[PDB]
Amino acid sequence: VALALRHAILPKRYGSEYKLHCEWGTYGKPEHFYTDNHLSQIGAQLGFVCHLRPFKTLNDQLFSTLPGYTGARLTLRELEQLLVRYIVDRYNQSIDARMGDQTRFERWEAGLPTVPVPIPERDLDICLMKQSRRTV
Amino acid sequence: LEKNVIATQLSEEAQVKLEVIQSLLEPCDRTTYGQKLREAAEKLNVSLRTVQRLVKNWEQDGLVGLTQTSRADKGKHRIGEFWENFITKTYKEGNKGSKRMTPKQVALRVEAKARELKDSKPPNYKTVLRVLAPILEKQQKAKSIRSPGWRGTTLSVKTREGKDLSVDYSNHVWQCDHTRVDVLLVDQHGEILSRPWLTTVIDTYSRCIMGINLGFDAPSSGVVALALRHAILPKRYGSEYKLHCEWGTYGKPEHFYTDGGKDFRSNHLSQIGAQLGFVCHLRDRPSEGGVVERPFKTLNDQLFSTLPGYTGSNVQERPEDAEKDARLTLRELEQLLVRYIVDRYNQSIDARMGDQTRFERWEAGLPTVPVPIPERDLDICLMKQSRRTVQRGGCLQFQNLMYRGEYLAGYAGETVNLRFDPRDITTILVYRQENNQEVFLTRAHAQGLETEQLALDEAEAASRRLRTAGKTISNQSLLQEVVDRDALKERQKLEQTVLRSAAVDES
DNA sequence: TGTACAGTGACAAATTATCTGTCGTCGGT
DNA sequence: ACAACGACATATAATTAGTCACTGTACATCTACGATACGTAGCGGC
DNA sequence: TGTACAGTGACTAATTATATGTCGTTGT
DNA sequence: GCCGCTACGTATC
Ligand SMILES: [Mg+2]
């Protein structure tokens, strides 16, 4: 969960290999974060409140169509590329009935009271995985 | 540079502060936020000003701002600098050279100076240990430092010249050094001899053991010449070795990289190298050649520690029964050690790689299959007498022995290069310079000894005895001073007899 | 960038003496 | 009238210096020495 | 029941950087 | 005065 949070917060900066057309432009600290002491520390470290639906479309629009769908081979990295391409150029470019004019990304942008300032990368190190002992 | 800090093991008090901060994450209104502070002052038993300080420490540091920071004096000593420098330098001077002064002894030097200065509070011994503690840990750490290793197929062996040899393929760089084995052996009668010497020749590209010599004999340019011919010539072992794979390893190095021992920095090895065409090189430190030094630990660990008569790696680990519990002769130990090298060691995984055996990597690593050298052309192993001159009557003098040769009377007054075998000096091969090249001349023979065989160390021991006996110099006279000392024992002769019995089994 | 094997923490899988229910049974009131 | 910050005084645990009982480990003949090499000097025979 | 000294945990006294109040001042 | 064989000094494993 902390790794998913780190990604969300930081700028994305994806490689040419994903062959994306659109930019994944979000970044930023929320006011609240809802989840399934560690996450509450992270909330207190970063300054937001921890509390304790794109699945339907991932299945229909991406996964059920892929090699090896569990009712051919596919590596983890390839699946990531497919998933990012789907999210940056299709899912977030879709318009819901409740938005009408604006896409999921556009409404996101459109609704901000202000452009947040990116959190320097180091302040998110608390999210990363850790090995506790190594010898130099 | 970047400067981040992260808290860990937070909870023990801090979870109470964390729950207070979680209750305070938002300035909801000037009316309500003050009430939340005055409520949090029930969970922490402290005033509004303590909770306002906690919130400021949190906002400026994050989670470490909940934890109590260590005092600014932590690791500083209250005794004053004079005593802190006196104690540190006293220790250091007292462990200079061979001196090994203990902290207790440093404390005595502290009480001695304090008495001179009329001090009343010389630091206590317990505080001397504490002041010297950091500079002891450093010493222990500086001994313990690990080094990584060559990783993958690329390896650059450092020489004493500061040049690195890039090891590109099998037989590009062989390496050689010598070790005592850690087992006391016995003669064929079951009496103690001595711990053999083992020589190995390792190819650096494959780490396969390309040859050995095992014997009671001393490191010598002779033992190195024997290790080289065993490494170079194709190998054959009988069924009494019970081998189940073949040591199919042979051919000639391009370079030979060694320690600084007088066996290797010698005119004899240089003459072997110049005739075989390989260049000798000097190992810069005993840690650049782990390719040769680590095989010797593996053999202690995999072979020799499990044999009777084992002596330990040093005198403090010597099994007290080693001198009573010796059983093997040199012929048994070789029959075990050769098996170990052919069936186990050369068939084990090359550790840098993880997916090849040492032999498989050698065989696949040849740039081409080399042609076996006729055993007669391994004569180059012969030692050279550089500049002896032919006497009138077609004669040569060497080691008191006098030699006669089939065309040699044609060259009285001239200079000839004599090639000889330290195992058999009865015969001498004579070469001469012509057109600034060596040309072969003749097989000179010790006159009246054509039916007889003398090794160099026998002619030498006979000459020493003959000099001190005051008798005359002649071919027989030297033979006479051999045959009584032969017929009539001394450990070196007893060792030589068992070593000979192994060489007989090689024929 | 020494080297390579013996020994060692951290973790996953198979096995088992043990903890928890549920009901039946016996004893006390 | 409410919230934030400092000047100052005051109580407080963290760190260090010192004390003392319990305990691990060397004292127990023992590495200067053997075995090569080169490099140079010397003894009498010629 | 070997032996006797250097090093070490468990505890305590001395020193001090630091958290806690109380109130004055400033901003809102 | 010139030249093969011994003997001592120094270095390293
Ligand atoms: Mg050596």
# chains A, B, ... in the order shown; residues from 1 in each chain; ligands from 1
$ residues_near_ligand --ligand "ligand 1" --cutoff "8 Å" --atoms "only C-alpha atoms (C1' of nucleotides) and all ligand atoms" --output "list in words"
residues 176, 177, 178, 179, 258, 259, 260 and 261 of chain B; 13 of chain F
$ residues_around --residues "segment 28-38 of chain B" --least-positions-apart "6" --cutoff "9 Å" --atoms "only C-alpha atoms (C1' of nucleotides)" --output "ChimeraX atom specification"
/B:20,47-48,51-52 /D:2-3
$ write_last_selection --atoms "C-alpha atoms (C1' of nucleotides)" --output "PDB file, in the first residue's frame"
ATOM      1  CA  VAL B  20      -2.189  13.294  19.735  1.00  0.00           C
ATOM      2  CA  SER B  47       0.078  22.069  29.684  1.00  0.00           C
ATOM      3  CA  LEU B  48      -1.087  23.765  26.456  1.00  0.00           C
ATOM      4  CA  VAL B  51       1.293  20.446  23.266  1.00  0.00           C
ATOM      5  CA  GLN B  52       2.015  23.567  21.129  1.00  0.00           C
TER       6      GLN B  52
ATOM      7  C1'  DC D   2      -8.084  34.372  21.144  1.00  0.00           C
ATOM      8  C1'  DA D   3      -3.715  32.334  19.198  1.00  0.00           C
TER       9       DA D   3
END
$ residues_around --residues "residue 4 of chain F" --least-positions-apart "3" --cutoff "12 Å" --atoms "only C-alpha atoms (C1' of nucleotides)" --output "ChimeraX atom specification"
/B:385,387-391,395-402 /D:43-46
$ residues_around --residues "segment 13-18 of chain E" --least-positions-apart "6" --cutoff "9 Å" --atoms "only C-alpha atoms (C1' of nucleotides)" --output "PyMOL selection string"
(chain B and resi 71-73+78) or (chain D and resi 12+14-18)
$ write_last_selection --atoms "N, CA, C and O atoms (P, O5', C5', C4', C3', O3' and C1' of nucleotides)" --output "compact mmCIF listing (two decimals), in the first residue's frame"
# COMPACT_ATOMS: atom_id res chain seq x y z
N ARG B 71 21.13 13.93 23.99
CA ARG B 71 21.83 15.11 24.52
C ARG B 71 23.06 15.47 23.70
O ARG B 71 23.74 14.61 23.15
N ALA B 72 23.42 16.75 23.67
CA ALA B 72 24.57 17.26 22.93
C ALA B 72 25.93 16.79 23.50
O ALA B 72 26.93 16.80 22.79
N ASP B 73 25.97 16.38 24.76
CA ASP B 73 27.19 15.85 25.39
C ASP B 73 27.46 14.37 25.05
O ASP B 73 28.54 13.89 25.36
N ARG B 78 33.86 14.45 30.26
CA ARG B 78 33.92 15.55 31.24
C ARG B 78 35.28 15.73 31.92
O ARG B 78 35.48 16.72 32.62
P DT D 12 10.77 17.20 39.21
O5' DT D 12 11.52 16.75 37.87
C5' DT D 12 10.90 16.97 36.61
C4' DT D 12 11.72 16.34 35.49
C3' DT D 12 12.49 15.08 35.89
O3' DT D 12 12.44 14.14 34.83
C1' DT D 12 13.98 16.66 35.02
P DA D 14 15.80 9.23 30.13
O5' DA D 14 17.16 9.72 29.45
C5' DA D 14 17.14 10.76 28.48
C4' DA D 14 18.55 11.22 28.14
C3' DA D 14 19.56 10.10 27.93
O3' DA D 14 20.48 10.47 26.91
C1' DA D 14 20.24 11.46 29.76
P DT D 15 21.46 9.37 26.28
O5' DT D 15 22.88 9.72 26.92
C5' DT D 15 23.43 11.02 26.76
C4' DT D 15 24.62 11.23 27.68
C3' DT D 15 25.60 10.05 27.74
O3' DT D 15 26.87 10.46 27.24
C1' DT D 15 25.10 10.90 29.92
P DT D 16 28.12 9.45 27.26
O5' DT D 16 28.86 9.80 28.63
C5' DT D 16 29.22 11.15 28.91
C4' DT D 16 29.83 11.27 30.30
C3' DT D 16 30.97 10.30 30.59
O3' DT D 16 32.00 10.98 31.31
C1' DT D 16 29.33 10.10 32.24
P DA D 17 33.48 10.37 31.38
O5' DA D 17 33.74 10.20 32.95
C5' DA D 17 33.77 11.35 33.79
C4' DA D 17 33.77 10.95 35.26
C3' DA D 17 34.81 9.91 35.65
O3' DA D 17 35.37 10.23 36.92
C1' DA D 17 32.64 9.10 36.16
P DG D 18 36.59 9.37 37.50
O5' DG D 18 35.89 8.38 38.55
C5' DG D 18 35.16 8.91 39.64
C4' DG D 18 34.41 7.82 40.38
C3' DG D 18 35.25 6.59 40.75
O3' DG D 18 35.30 6.46 42.17
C1' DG D 18 33.13 5.98 39.85
$ atom_distance --atom1 "atom CA of residue 206 of chain B" --atom2 "atom CA of residue 336 of chain B"
23.1 Å
$ interface_residues --of "chain E" --to "chain B" --cutoff "8 Å" --atoms "only C-alpha atoms (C1' of nucleotides)" --output "number ranges by chain"
E: 6, 17, 20-21
$ write_last_selection --atoms "N, CA and C atoms (P, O5', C5', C4', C3', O3' and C1' of nucleotides)" --output "CSV table (one decimal), in the first residue's frame"
chain,number,residue,atom,x,y,z
E,6,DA,P,46.4,-6.1,35.9
E,6,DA,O5',45.5,-6.0,34.6
E,6,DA,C5',45.9,-6.7,33.4
E,6,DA,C4',44.8,-7.0,32.5
E,6,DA,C3',43.9,-5.8,32.2
E,6,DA,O3',43.4,-5.9,30.9
E,6,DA,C1',42.6,-7.5,33.3
E,17,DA,P,25.4,21.6,28.9
E,17,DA,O5',24.4,21.2,27.7
E,17,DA,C5',24.5,20.0,27.0
E,17,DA,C4',23.1,19.4,26.8
E,17,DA,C3',22.2,20.2,25.9
E,17,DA,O3',21.4,19.3,25.1
E,17,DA,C1',21.2,19.8,28.1
E,20,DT,P,7.6,18.1,28.2
E,20,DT,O5',7.2,18.6,29.6
E,20,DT,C5',8.1,19.5,30.3
E,20,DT,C4',7.4,20.2,31.5
E,20,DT,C3',6.0,20.8,31.1
E,20,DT,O3',5.2,20.9,32.2
E,20,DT,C1',7.6,22.5,31.6
E,21,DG,P,3.6,21.0,32.1
E,21,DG,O5',3.3,22.4,32.9
E,21,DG,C5',4.0,23.6,32.6
E,21,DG,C4',4.1,24.4,33.9
E,21,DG,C3',3.1,25.5,34.0
E,21,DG,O3',3.0,25.9,35.4
E,21,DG,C1',5.3,26.4,33.5
$ select_by_dssp --residues "chain A" --states "alpha helix (DSSP H)" --output "PyMOL selection string"
chain A and resi 2-9+38-46+55-61+76-89+104-110
$ atom_distance --atom1 "atom CA of residue 215 of chain B" --atom2 "atom CA of residue 494 of chain B"
12.5 Å
$ interface_residues --of "chain A" --to "chain B" --cutoff "7 Å" --atoms "only C-alpha atoms" --output "number ranges by chain"
A: 44-45, 47-48, 122-123, 126
$ interface_residues --of "chain A" --to "chain C" --cutoff "12 Å" --atoms "only C-alpha atoms (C1' of nucleotides)" --output "ChimeraX atom specification"
/A:131-133
$ residues_around --residues "residue 9 of chain E" --least-positions-apart "3" --cutoff "12 Å" --atoms "only C-alpha atoms (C1' of nucleotides)" --output "list in words"
residues 20, 21, 22 and 23 of chain D
$ write_last_selection --atoms "N, CA and C atoms (P, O5', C5', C4', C3', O3' and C1' of nucleotides)" --output "short mmCIF file (atom, residue, chain, number, x, y, z; two decimals), in the first residue's frame"
data_model
loop_
_atom_site.label_atom_id
_atom_site.label_comp_id
_atom_site.auth_asym_id
_atom_site.auth_seq_id
_atom_site.Cartn_x
_atom_site.Cartn_y
_atom_site.Cartn_z
P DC D 20 34.14 0.30 46.50
"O5'" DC D 20 33.47 -1.07 46.03
"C5'" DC D 20 32.06 -1.21 46.05
"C4'" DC D 20 31.65 -2.52 45.42
"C3'" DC D 20 32.61 -3.69 45.66
"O3'" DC D 20 31.87 -4.86 45.95
"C1'" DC D 20 32.22 -3.45 43.37
P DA D 21 32.54 -6.07 46.77
"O5'" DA D 21 31.86 -7.37 46.14
"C5'" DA D 21 30.44 -7.47 46.09
"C4'" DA D 21 29.99 -8.24 44.85
"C3'" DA D 21 30.57 -9.64 44.72
"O3'" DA D 21 29.58 -10.52 44.20
"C1'" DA D 21 31.21 -8.35 42.84
P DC D 22 29.76 -12.11 44.36
"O5'" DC D 22 29.98 -12.62 42.86
"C5'" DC D 22 28.98 -12.37 41.88
"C4'" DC D 22 29.54 -12.56 40.48
"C3'" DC D 22 30.30 -13.87 40.26
"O3'" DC D 22 29.73 -14.58 39.17
"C1'" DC D 22 31.54 -12.01 39.44
P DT D 23 30.33 -16.01 38.74
"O5'" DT D 23 31.37 -15.64 37.58
"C5'" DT D 23 30.97 -14.80 36.52
"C4'" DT D 23 32.09 -14.62 35.51
"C3'" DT D 23 32.90 -15.89 35.23
"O3'" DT D 23 33.15 -15.99 33.84
"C1'" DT D 23 34.34 -14.15 35.87
#
$ atom_distance --atom1 "atom CA of residue 359 of chain B" --atom2 "atom CA of residue 296 of chain B"
18.0 Å
$ select_by_dssp --residues "segment 236-324 of chain B" --states "strand (DSSP E or B)" --output "list in words"
residues 255, 256, 257, 258, 279, 280, 281, 282, 283 and 310 of chain B
$ residues_around --residues "residue 294 of chain B" --least-positions-apart "2" --cutoff "12 Å" --atoms "only C-alpha atoms (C1' of nucleotides)" --output "list in words"
residues 177, 179, 200, 202, 207, 209, 286, 287, 288, 289, 290, 291, 292, 296, 297, 298, 299, 300, 301 and 351 of chain B; 2, 3, 4 and 5 of chain C
$ closest_residue --among "B:460, B:161, B:355, B:321" --to "chain F" --atoms "only C-alpha atoms (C1' of nucleotides)"
B:460
$ decode --residues "chain E" --atoms "N, CA, C and O atoms (P, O5', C5', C4', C3', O3' and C1' of nucleotides)" --output "compact mmCIF listing (two decimals), in the first residue's frame"
# COMPACT_ATOMS: atom_id res chain seq x y z
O5' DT E 1 40.91 -30.44 46.62
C5' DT E 1 41.23 -29.22 45.95
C4' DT E 1 39.99 -28.38 45.75
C3' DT E 1 40.24 -27.01 45.13
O3' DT E 1 40.20 -27.12 43.71
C1' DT E 1 38.82 -26.80 47.04
P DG E 2 40.74 -25.92 42.78
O5' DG E 2 42.15 -25.52 43.44
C5' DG E 2 43.31 -26.28 43.15
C4' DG E 2 44.55 -25.40 43.16
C3' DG E 2 44.31 -23.95 43.57
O3' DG E 2 45.45 -23.46 44.27
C1' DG E 2 45.14 -24.00 41.38
P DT E 3 45.38 -22.05 45.03
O5' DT E 3 45.80 -20.99 43.91
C5' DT E 3 47.08 -21.06 43.32
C4' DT E 3 47.38 -19.80 42.53
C3' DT E 3 46.62 -18.56 42.98
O3' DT E 3 47.46 -17.42 42.91
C1' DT E 3 46.18 -18.96 40.71
P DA E 4 47.66 -16.48 44.20
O5' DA E 4 47.69 -15.01 43.59
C5' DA E 4 48.60 -14.70 42.55
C4' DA E 4 47.91 -13.96 41.42
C3' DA E 4 47.17 -12.69 41.85
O3' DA E 4 47.51 -11.62 40.99
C1' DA E 4 45.75 -14.07 40.57
P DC E 5 47.43 -10.10 41.50
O5' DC E 5 47.21 -9.27 40.16
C5' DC E 5 48.05 -9.51 39.04
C4' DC E 5 47.26 -9.41 37.75
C3' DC E 5 46.46 -8.12 37.58
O3' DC E 5 46.58 -7.65 36.25
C1' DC E 5 45.03 -9.97 37.35
P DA E 6 46.42 -6.08 35.93
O5' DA E 6 45.50 -6.05 34.62
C5' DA E 6 45.94 -6.70 33.43
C4' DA E 6 44.76 -7.02 32.53
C3' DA E 6 43.85 -5.84 32.19
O3' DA E 6 43.41 -5.94 30.85
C1' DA E 6 42.59 -7.51 33.29
P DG E 7 42.68 -4.69 30.15
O5' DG E 7 41.15 -5.15 30.05
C5' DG E 7 40.81 -6.31 29.30
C4' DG E 7 39.40 -6.77 29.63
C3' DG E 7 38.32 -5.69 29.49
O3' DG E 7 37.30 -6.13 28.61
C1' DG E 7 38.13 -6.82 31.57
P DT E 8 36.01 -5.22 28.32
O5' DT E 8 34.92 -5.76 29.36
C5' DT E 8 34.66 -7.16 29.43
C4' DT E 8 33.48 -7.44 30.33
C3' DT E 8 32.33 -6.44 30.24
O3' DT E 8 31.10 -7.13 30.32
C1' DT E 8 33.03 -6.60 32.46
P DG E 9 29.77 -6.52 29.65
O5' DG E 9 28.60 -7.41 30.26
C5' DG E 9 27.37 -6.80 30.65
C4' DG E 9 26.97 -7.24 32.04
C3' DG E 9 25.83 -6.43 32.65
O3' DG E 9 25.06 -7.25 33.52
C1' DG E 9 27.78 -6.13 33.94
P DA E 10 23.48 -7.01 33.64
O5' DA E 10 23.31 -6.22 35.02
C5' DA E 10 23.52 -6.90 36.25
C4' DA E 10 23.57 -5.92 37.41
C3' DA E 10 22.54 -4.79 37.34
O3' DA E 10 21.78 -4.75 38.54
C1' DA E 10 24.72 -3.92 37.73
P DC E 11 20.61 -3.67 38.73
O5' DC E 11 21.32 -2.48 39.53
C5' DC E 11 22.01 -2.77 40.74
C4' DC E 11 22.83 -1.57 41.19
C3' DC E 11 22.06 -0.25 41.25
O3' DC E 11 21.87 0.14 42.61
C1' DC E 11 24.27 -0.01 40.33
P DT E 12 21.06 1.48 42.96
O5' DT E 12 22.21 2.59 43.08
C5' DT E 12 23.29 2.40 43.98
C4' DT E 12 24.27 3.56 43.92
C3' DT E 12 23.63 4.95 44.01
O3' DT E 12 24.40 5.77 44.87
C1' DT E 12 24.99 4.82 42.11
P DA E 13 23.78 7.14 45.46
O5' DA E 13 24.80 8.27 44.96
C5' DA E 13 26.10 8.35 45.52
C4' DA E 13 26.98 9.31 44.72
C3' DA E 13 26.47 10.74 44.64
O3' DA E 13 27.58 11.64 44.67
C1' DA E 13 26.63 9.85 42.47
P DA E 14 27.33 13.23 44.77
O5' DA E 14 27.78 13.77 43.33
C5' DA E 14 29.11 13.56 42.88
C4' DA E 14 29.34 14.18 41.52
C3' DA E 14 28.79 15.59 41.35
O3' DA E 14 29.70 16.36 40.59
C1' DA E 14 27.81 14.17 39.74
P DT E 15 29.47 17.94 40.38
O5' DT E 15 29.05 18.05 38.85
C5' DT E 15 29.84 17.42 37.85
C4' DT E 15 29.20 17.56 36.49
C3' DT E 15 28.52 18.91 36.22
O3' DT E 15 28.99 19.44 34.99
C1' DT E 15 27.03 17.12 35.73
P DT E 16 28.52 20.89 34.50
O5' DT E 16 27.37 20.57 33.45
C5' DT E 16 27.55 19.53 32.50
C4' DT E 16 26.27 19.25 31.75
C3' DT E 16 25.52 20.51 31.28
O3' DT E 16 25.14 20.37 29.92
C1' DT E 16 24.06 19.06 32.44
P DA E 17 25.35 21.58 28.90
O5' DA E 17 24.38 21.23 27.68
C5' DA E 17 24.51 19.98 27.01
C4' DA E 17 23.15 19.36 26.76
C3' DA E 17 22.19 20.20 25.91
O3' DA E 17 21.43 19.34 25.07
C1' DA E 17 21.24 19.82 28.05
P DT E 18 20.24 19.94 24.16
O5' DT E 18 18.95 19.76 25.09
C5' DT E 18 18.70 18.51 25.71
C4' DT E 18 17.36 18.52 26.42
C3' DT E 18 16.27 19.34 25.73
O3' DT E 18 15.05 18.61 25.71
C1' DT E 18 16.44 19.95 27.99
P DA E 19 13.87 19.00 24.69
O5' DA E 19 12.55 18.86 25.57
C5' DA E 19 12.19 17.59 26.11
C4' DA E 19 11.42 17.74 27.41
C3' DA E 19 10.05 18.40 27.29
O3' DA E 19 9.17 17.83 28.26
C1' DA E 19 11.40 19.69 28.71
P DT E 20 7.58 18.06 28.17
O5' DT E 20 7.20 18.58 29.64
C5' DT E 20 8.08 19.47 30.32
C4' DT E 20 7.37 20.17 31.46
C3' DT E 20 6.05 20.81 31.08
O3' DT E 20 5.22 20.92 32.24
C1' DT E 20 7.62 22.50 31.55
P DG E 21 3.63 21.03 32.09
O5' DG E 21 3.26 22.36 32.89
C5' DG E 21 3.99 23.55 32.64
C4' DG E 21 4.13 24.38 33.91
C3' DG E 21 3.15 25.53 34.02
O3' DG E 21 2.96 25.87 35.39
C1' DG E 21 5.34 26.35 33.54
P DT E 22 1.63 26.65 35.85
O5' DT E 22 2.03 28.19 35.69
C5' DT E 22 3.10 28.73 36.46
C4' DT E 22 3.33 30.19 36.11
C3' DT E 22 2.09 30.93 35.60
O3' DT E 22 1.88 32.11 36.38
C1' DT E 22 3.95 31.28 34.15
P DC E 23 0.74 33.16 35.99
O5' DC E 23 1.52 34.27 35.15
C5' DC E 23 2.71 34.84 35.67
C4' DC E 23 3.42 35.67 34.63
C3' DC E 23 2.56 36.74 33.95
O3' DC E 23 3.25 37.98 33.93
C1' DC E 23 3.63 35.42 32.32
P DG E 24 2.46 39.36 33.69
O5' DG E 24 3.21 40.02 32.45
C5' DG E 24 4.61 40.27 32.52
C4' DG E 24 5.22 40.40 31.14
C3' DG E 24 4.54 41.42 30.22
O3' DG E 24 5.51 42.23 29.60
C1' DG E 24 4.64 39.30 29.15
P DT E 25 5.07 43.58 28.85
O5' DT E 25 5.08 43.18 27.30
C5' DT E 25 6.27 42.66 26.71
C4' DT E 25 6.00 42.13 25.32
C3' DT E 25 5.14 43.04 24.44
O3' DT E 25 5.90 43.50 23.33
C1' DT E 25 4.45 40.75 24.29
P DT E 26 5.26 44.55 22.29
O5' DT E 26 4.70 43.63 21.12
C5' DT E 26 5.55 42.68 20.49
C4' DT E 26 4.78 41.84 19.49
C3' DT E 26 3.87 42.63 18.55
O3' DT E 26 4.14 42.29 17.20
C1' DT E 26 2.69 40.82 19.55
P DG E 27 3.50 43.14 16.00
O5' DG E 27 2.44 42.13 15.36
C5' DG E 27 2.85 40.83 14.96
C4' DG E 27 1.66 39.91 14.77
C3' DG E 27 0.55 40.49 13.88
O3' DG E 27 0.25 39.58 12.83
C1' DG E 27 -0.35 39.64 15.91
P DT E 28 -0.78 40.00 11.67
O5' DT E 28 -2.18 39.42 12.17
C5' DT E 28 -2.30 38.04 12.48
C4' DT E 28 -3.69 37.73 13.01
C3' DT E 28 -4.84 38.37 12.23
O3' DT E 28 -5.78 37.37 11.85
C1' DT E 28 -5.09 38.75 14.56
